[PDB]
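Below is one structure, written out as structure tokens; comments come after it.
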Amino acid sequence: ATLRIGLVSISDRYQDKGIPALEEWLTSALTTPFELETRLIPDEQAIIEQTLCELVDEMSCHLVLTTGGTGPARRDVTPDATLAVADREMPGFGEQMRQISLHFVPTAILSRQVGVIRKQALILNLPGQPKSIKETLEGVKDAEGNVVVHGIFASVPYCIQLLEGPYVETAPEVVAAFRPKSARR
Amino acid sequence: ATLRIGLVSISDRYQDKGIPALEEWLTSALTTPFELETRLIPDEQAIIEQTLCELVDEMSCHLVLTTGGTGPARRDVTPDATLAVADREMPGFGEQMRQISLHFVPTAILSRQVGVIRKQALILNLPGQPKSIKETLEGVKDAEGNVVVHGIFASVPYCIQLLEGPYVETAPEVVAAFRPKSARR
Amino acid sequence: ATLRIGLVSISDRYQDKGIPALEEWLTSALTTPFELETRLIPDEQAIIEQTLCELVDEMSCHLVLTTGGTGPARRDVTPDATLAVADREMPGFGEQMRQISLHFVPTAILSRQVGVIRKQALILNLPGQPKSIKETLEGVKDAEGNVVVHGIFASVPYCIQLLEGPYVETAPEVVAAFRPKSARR
Numbered sequence: 002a003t004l005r006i007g008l009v010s011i012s013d014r020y021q022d023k024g025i026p027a028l029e030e031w032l033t034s035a036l037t038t039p040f041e042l043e044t045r046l047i048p049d050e051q052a053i054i055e056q057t058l059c060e061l062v063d064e065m066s067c068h069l070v071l072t073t074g075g076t077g078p079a080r081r082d083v084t085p086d087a088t089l090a091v092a093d094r095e096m097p098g099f100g101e102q103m104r105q106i107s108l109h110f111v112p113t114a115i116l117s118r119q120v121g122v123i124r125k126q127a128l129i130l131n132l133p134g135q136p137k138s139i140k141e142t143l144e145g146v147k148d149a150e151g152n153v154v155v156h157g158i159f160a161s162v163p164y165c166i167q168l169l170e171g172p173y174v175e176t177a178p179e180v181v182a183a184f185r186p187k188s189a190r191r
Numbered sequence: 002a003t004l005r006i007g008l009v010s011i012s013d014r020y021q022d023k024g025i026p027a028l029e030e031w032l033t034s035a036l037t038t039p040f041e042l043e044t045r046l047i048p049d050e051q052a053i054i055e056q057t058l059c060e061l062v063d064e065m066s067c068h069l070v071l072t073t074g075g076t077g078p079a080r081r082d083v084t085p086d087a088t089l090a091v092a093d094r095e096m097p098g099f100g101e102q103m104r105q106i107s108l109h110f111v112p113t114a115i116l117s118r119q120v121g122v123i124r125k126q127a128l129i130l131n132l133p134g135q136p137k138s139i140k141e142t143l144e145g146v147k148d149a150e151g152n153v154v155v156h157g158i159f160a161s162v163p164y165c166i167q168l169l170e171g172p173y174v175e176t177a178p179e180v181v182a183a184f185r186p187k188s189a190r191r
Numbered sequence: 002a003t004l005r006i007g008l009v010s011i012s013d014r020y021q022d023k024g025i026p027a028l029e030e031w032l033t034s035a036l037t038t039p040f041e042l043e044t045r046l047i048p049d050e051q052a053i054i055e056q057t058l059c060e061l062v063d064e065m066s067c068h069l070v071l072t073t074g075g076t077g078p079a080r081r082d083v084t085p086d087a088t089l090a091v092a093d094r095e096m097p098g099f100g101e102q103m104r105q106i107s108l109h110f111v112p113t114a115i116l117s118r119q120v121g122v123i124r125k126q127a128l129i130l131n132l133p134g135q136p137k138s139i140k141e142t143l144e145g146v147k148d149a150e151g152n153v154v155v156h157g158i159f160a161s162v163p164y165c166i167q168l169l170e171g172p173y174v175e176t177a178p179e180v181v182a183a184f185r186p187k188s189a190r191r
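Residue numbers (the entry's author numbering), protein chains in the order written: chain A, 2 to 14, 20 to 191; chain A', 2 to 14, 20 to 191; chain A'', 2 to 14, 20 to 191. A prime marks a further copy of an entry chain.
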């Protein structure tokens, strides 16, 4: 089936390089069909919450990716809005996004990004910078092209499948989609 | 003294390889005496909560290890039941169990396992697969037998001691029990 | 401007090597001016909460560092007091303090240390032992002096700046203060 993905750029910071960066990476990473629902909003908690609820409840998105507003400054409230609309928390996503980003963002531990589930959709908070967005998703390789640290998207296809969503496949040259034998078609 | 351990297999998934796998590993790892209280239950939150409370409060277990029901799927509610009966959270156990399992489970970050304390007992959530159960507890070694990443059980004996429980010792060939000079007998 | 730092030793454990160890390290690490507000208190939750509130609200501290009372034992309640006075949690600080300390404290995962924000101040919980206090802050190097794992203080100057505090600089021979081009003066 077609995967429906919501993309939210919290433009609190123009070149909203946020949406375009996600569109570019996803188009390169996915081999199965998908459709996008894009939104550009300010860093105001109530508006972010409404936007996430609109995309999951009304637009029936299977996956929602946000960019921006995840730092320590008082204005940054994307993770707060994300936890507020969640039905269940996925601690490993925030933890590992920070371990992955320790490789390309010296102050990565200052981020408060989370991954949560609302209904049957997965919502992940990503950085605002395009380079950081792609490195978090795809991970880190060496000069030869070998994977040193797997990206966060390597576990996304299987998570969507466990949430009873569409069967998602990726281009291994970009990112390999992990899946146990008891889940491969 | 004898260590009392509760083993809970949330058979929501037969071969309940869960209880047997824990019995096998513990018997090999511990050099001090222990007794087991085993339970096989469905993946229903209220039943898991009652079982954990029965084992800690009524059976006076010092340590409780659970297997199964820790994924993102809505049915999986072991971590939810565990947090519900907790008096205090131990964040490092869930975090490090996921770092350890990143070595043998490609999608390890999808787990929501926790470690908590209820009264004076420690409760840890483990995977459902026998191989993953043992690797989390014992950690990872190289072909030579050298420890690359210490297992989660390396810190369990000292934690029980700090919780005023029995003095627990392990077979170093399986797993070494860490303890500061100010705690060694 | 001058950075105001509160130092709290939860002497629940004399040689309160806690305050002195922080005074020694900070004096060596900082190249910009600072002033200290020191306190030595027992491991009693209400007293720790009052002390943190006194230092942030009344003494206008930009940064507060605590030492001691972060283990699993029931008496240890520094992290509980810290979360109780917080306006916002910084998950990456607790997570990374535990990853850093995995190098010098075998049972590092037993710690429940957190990093939080109250008003515009950052509060971080550190170990009780002087050696562990300094290694957490400065990180780990090799025999040659190369940084293998960056200390937690490498991200503190930038965090204070994002919280609208004074411009803090450090001696790179001790610890380098990370900062993006869009923040360097």
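No residue lacks a Cβ here, since even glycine has one placed at the ideal position from N, Cα and C.
- Where the alpha helix (DSSP H) containing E55/A' begins and where it ends: Per DSSP, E55/A' is one residue of the alpha helix (DSSP H) stretching across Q51 to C59.
- Query: Do the segment 27 to 41 of chain A' and the segment 74 to 94 of chain A' touch if we need at least three Cβ pairs shorter than 8 angstroms?
  - Reply: At 8 angstroms Cβ cutoff, the stretches do not touch.
- Counting only runs that start and end within the segment 125 to 162 of chain A'', where is the alpha helix (DSSP H) found for 4 or more residues in a row? The segment 125 to 162 of chain A'' contains, as complete alpha helix (DSSP H) runs of 4+ residues, the segments 136 to 144 (chain order).
- Query: Grouping DSSP H, G and I as helix and E and B as strand, with all else coil, what is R5/A''?
  - Reply: Of the three classes helix, strand and coil, the one that applies to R5/A'' here is strand, per DSSP.
- I think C59/A'' touches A127/A'', with their Cβ atoms under 8 angstroms apart; what is that distance to the nearest whole Å? Contact flag wrong, Cβ pair sits at about 11 angstroms.
- Item | Contact under 8 angstroms by Cβ, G98/A with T84/A | Not a contact, by the Cβ cut-off of 8 angstroms.
- Item | For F40/A': DSSP bridge partner residues | BP columns for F40/A' point to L4/A'.
- In its own chain, which residues sit with a C-beta less than 6 angstroms from the C-beta of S12/A', not counting the 5 before and 5 after it? Taken in chain order, the residues that qualify are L46.
- Shorter than 8 angstroms from the beta carbon of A92/A' to some beta carbon of chain A? So, not an interface residue.
- Message: Tell me the DSSP secondary structure of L32/A in three-state form.
- Response: DSSP places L32/A in helix when its eight states are reduced to three.
- Find the residues of chain A' that neighbour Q102/A, judging by a C-beta separation of less than 7 angstroms, and give them in chain order. Within chain A', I115 have C-beta atoms less than 7 angstroms from the C-beta of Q102/A, given in sequence order.
- Message: Between which residues of its own chain and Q51/A is the CB-CB distance below 7 angstroms, once the five residues before and five after are set aside?
- Response: If you ignore the 5 residues before and after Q51/A, its C-beta comes within less than 7 angstroms of the C-beta of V83, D86 and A87, all in its own chain and listed in chain order.
- Task: Determine whether the Cβ of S66/A lies closer than 8 angstroms to any Cβ atom of chain A'.
- Result: No, no contact with chain A'.
- Task: Would you mind reading off the limits of the beta strand (DSSP E) that contains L69/A'?
- Result: Start and end: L69 to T73.
- Cut-off 8 angstroms between Cβ atoms - residues of its own chain near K125/A'', not counting five sequence neighbours on either side: Excluding residues within five positions, the ones whose Cβ falls inside 8 angstroms are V62, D63 and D93.
- Establish whether the CB of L71/A'' and some CB of chain A are separated by less than 8 angstroms. With 8 angstroms as the cut-off, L71/A'' does not count as an interface residue toward chain A.
- Look at the alpha carbon of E101/A and the alpha carbon of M103/A', and state the distance between them as a whole number of angstroms. In this structure, the alpha-carbon of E101/A lies about 12 angstroms from that of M103/A'.
- Going along the segment 133 to 162 of chain A in order, which residues come within less than 9 angstroms of chain A', judged by CB to CB distance? Identification of residues in the segment 133 to 162 of chain A having a C-beta nearer than 9 angstroms to some C-beta of chain A' yields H156, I158, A160 and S161, given in sequence order.
- Message: Can you tell me whether residue 243/A'' is buried or exposed? The criterion is at least 16 other CB atoms within 10 Å of its CB, across all chains shown.
- Response: No answer is possible for residue 243/A'': it lies beyond the span of chain A'', which begins at 2 and ends at 191.
- Which residues DSSP lists as bridging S188/A'', in chain order: As DSSP reads the structure, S188/A'' sits in no beta bridge.
- How is the alpha helix (DSSP H) around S107/A'' delimited, first residue to last? Here the alpha helix (DSSP H) through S107/A'' covers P97 to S107.
- Task: Could you name the residues of the segment 74 to 85 of chain A whose beta carbon sits closer than 7 angstroms to any beta carbon of chain A'', in the order they occur along the chain?
- Result: Cβ contacts with chain A'': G77, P78 and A79.
- Mind checking which residues open and close the alpha helix (DSSP H) that includes residue 15/A''? Missing from the coordinates is residue 15/A''; the shown part of chain A'' jumps over it, going from 14 to 20.
- Query: What's the call for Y164/A, buried or exposed, on a 16-neighbour Cβ count within 10 Å?
  - Reply: With 16 or more other Cβ atoms inside 10 Å of its own Cβ, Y164/A counts as buried.
- Please list the partners that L169/A has in chain A', where partner means a Cβ-to-Cβ separation under 9 angstroms. Listed along the chain, the chain A' residues whose CB falls inside 9 angstroms of the CB of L169/A are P78, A79 and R80.
- Item | Rounded Cβ spacing between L8/A'' and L71/A'' (contact assumed at less than 8 angstroms) | About 6 angstroms separates the two Cβ atoms, so the contact holds.
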